[PDB]
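Considered here are two forms of the same protein chain, supplied as structure tokens in two stand-alone entries, structure 1 and structure 2.
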Structure 1
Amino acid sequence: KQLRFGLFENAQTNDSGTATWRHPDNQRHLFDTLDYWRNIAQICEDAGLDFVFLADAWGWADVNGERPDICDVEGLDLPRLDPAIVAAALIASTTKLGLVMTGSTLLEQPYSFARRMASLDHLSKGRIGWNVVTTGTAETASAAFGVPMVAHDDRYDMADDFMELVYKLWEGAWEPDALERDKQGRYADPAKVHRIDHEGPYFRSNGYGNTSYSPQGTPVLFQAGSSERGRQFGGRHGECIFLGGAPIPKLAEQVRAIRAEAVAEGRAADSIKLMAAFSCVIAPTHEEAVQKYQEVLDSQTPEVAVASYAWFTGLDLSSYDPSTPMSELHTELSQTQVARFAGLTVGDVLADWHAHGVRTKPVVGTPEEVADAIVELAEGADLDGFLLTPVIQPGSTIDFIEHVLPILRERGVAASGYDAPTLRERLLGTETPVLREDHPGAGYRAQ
């Protein structure tokens, strides 16, 4: 079984509720420069990584109504760039690397979003993916857009409606062979260009779509959101499911449950790909790697913890008795960030939240030790790939590529290069760039 590998990034200085930016070798304070992204993309493409993945957020770290000063002192949450713009710039600098961007069904307008993603897919020749999210910063983000807040599960219902409309725009509006471009004949076959009609609980659309059928039709659908309602949503729509890290027995059960959701939705159990976040700290000896990790931790101040947690949950941990069990608390925002701490207390969470944030504890050791841990995770949890989540950039990515990936390639668990030209062919193993017939999006094709 050949695993897929992508790089997790985001267009801001820090990520995932941590703040490693002060580490001497970290360079992502340059995230607002194109040279930073050109460098990252060239590193990944030269190595043959399947894709670079851009996370996104729309809101900010509001604590009990205001944003504490530490958020600016540490660049915790803001400022950021728009992922679609970063992705479009990286198209021009790459030829084979996949580009996956996070996009919110809560805050995008589906008609404009459909045109934007199809434009990226046209210009990149089918290298685009979309990580479907319902936005974990939903409360502040709604305020910034001037619209009422939408509850957690309703955002997944709204996302269902969002998907049906973009499926119509991407798959039903223009048939794949509509464009003929024959100067002696027809530019397009009118019989293959259709008005679409959509009247859902959240979205309405009537008319033609702006973009013609793109190389992949629909961008590769990533999905990140491992709440119960999110797992149902990913089991229905997601082609590649991004999972946070966890002990192998817990990760195996999550993978099993998500494959069973896909089966209950009429999809083949193997037609959905499960990819785990994976962070690592690599050094020539195990003791050196442990020390390297200590230096990363030493750069992070604990004072970010409360605002960081409030950024994703709206919960102010500093206002409860630290013995309060997390099982008693609820959020309409990032529900996995509460549910993952069931059994623990508020004081437990607040004790080392700053160290990992929403992220996973790293695997720390020699290159062989880290490669062994990747294989153990993939076999033990039935995973299809990994998104490398760096602790500092570009060092964490360079270290993995230079020292761990070659062992994985020699063991035959990582491919040596770019076999297929589109992201879907590469990730899903199809020999067609378009959605499988047992995917919901296929049902909206002109038949």
Structure 2
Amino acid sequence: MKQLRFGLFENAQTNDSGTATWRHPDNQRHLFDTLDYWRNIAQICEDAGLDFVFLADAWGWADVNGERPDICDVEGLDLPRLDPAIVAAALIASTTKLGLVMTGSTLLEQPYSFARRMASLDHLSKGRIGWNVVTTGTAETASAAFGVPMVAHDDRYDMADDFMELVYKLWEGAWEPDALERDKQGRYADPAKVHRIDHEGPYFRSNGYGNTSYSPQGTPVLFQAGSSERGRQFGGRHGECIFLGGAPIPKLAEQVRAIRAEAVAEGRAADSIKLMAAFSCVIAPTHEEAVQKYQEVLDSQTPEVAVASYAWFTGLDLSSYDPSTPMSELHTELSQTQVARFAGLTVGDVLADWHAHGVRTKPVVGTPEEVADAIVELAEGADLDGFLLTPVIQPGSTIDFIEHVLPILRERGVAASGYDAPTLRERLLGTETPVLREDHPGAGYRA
């Protein structure tokens, strides 16, 4: 049996994904800016043996023509947030084995300082760091915030390739793994193992030494989730663990086959890339109890939010249209035969499903046995290597999965019983060594 890995999707802000369940009485996400919130989440995850916590990030915000509507602040749709690298570092200090994965942007980070920061996390954590490589999902606002011009979608990925090449040189080529000797009767470092790098790319330039010596993993575990044609090529080249949003099993299976074919086209083994699907659930001892439990979180969300956030995430201002109007009865846009995928849905239908989960994956709602069976049928049907648990409320959604579903998966032998490897790469990739595989591009920048 393939043993699935599990990570927890989190972000350093109250609400996410176009939903706003922060008003639910048991939701603690409004305390995201306190260290106690994060210490508790991490302890829950580490005591359960979850492989990692993943901190999503964004730099921009939801806006309509340069302005956030009141609702953004009355319901905390987007802002405020914290920086994930700072949260990750704080969590290092209260964990020993839990993996820590953070989003970091190739569009807005400077590679030289970013490489030093990530390698610092990797040193202090003893090799537990991952990096979710993003360009931007909020390109308009994030660019204005940093004072830089727009970069079009595919050019963002060419910039990301150049970024990756430089950070690979800094992580893998600047200091050999054994450069540091720290012998008070010998050498501090072997001068033959410390190298100047030289990089002249279309977007970035660097000439000189790297600040950080070779870290326990070398390069953080690389996560990536792009679904465009160009983003799929980028993930096929660099990504070690690829995230997928929820989809019906047959569609997910085809996407998995496509992503593994992109890795093969870049010279990598098909099984050397790990696929993890977002997965949400609401668990209760009976099916009806779960439905009511899910219902109570849905009822906690203000009804005006659904229309507001659907607008931003898609562009369709639906406040006007009566809920009985078929979607296909509207224009706005979409490329004909795509409009047929709507298959005669009504505005009410879309907003009700959007109210339910936004861009988060549709939760599996049922008993522990029902949720466990869903996980297994997803993993087997789509050839997945793990799941990214996306909570509907914190910490309850995580606690429920840990206390009721994970033990079933463990008894069935589909989930490991605990931490068997000390670095994140060894744990997620099954590698023997904590460092990149030889068929990964970053390995080609080693001395």
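All residue numbers here follow the sequence of structure 1, with the first residue given the number 1. In this text, the rigid core denotes the largest set of C-alpha atoms whose superposition between the two forms falls within 1.5 Å.
Annotation: the position in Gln254, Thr94, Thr345, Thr211 displaced by at least 2 Å at CA between structures 1 and 2, with the core superposed, corresponds to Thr345. Core-aligned CA deviation for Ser318 between structures 1 and 2: 2 Å or greater.
With the core held fixed, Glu369 shows a CA shift below 2 Å between structures 1 and 2. Put the two forms on the same core and the Cα of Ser327 is off by 2 Å or more between structures 1 and 2. Core superposition places the C-alpha of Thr336 17.3 Å apart between structures 1 and 2. Its Cα shifted by 0.2 Å between structures 1 and 2, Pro421 is reported here after superposition on the rigid core. The two forms line up on their rigid core, and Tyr309 then has its Cα shifted by 4.3 Å between structures 1 and 2.
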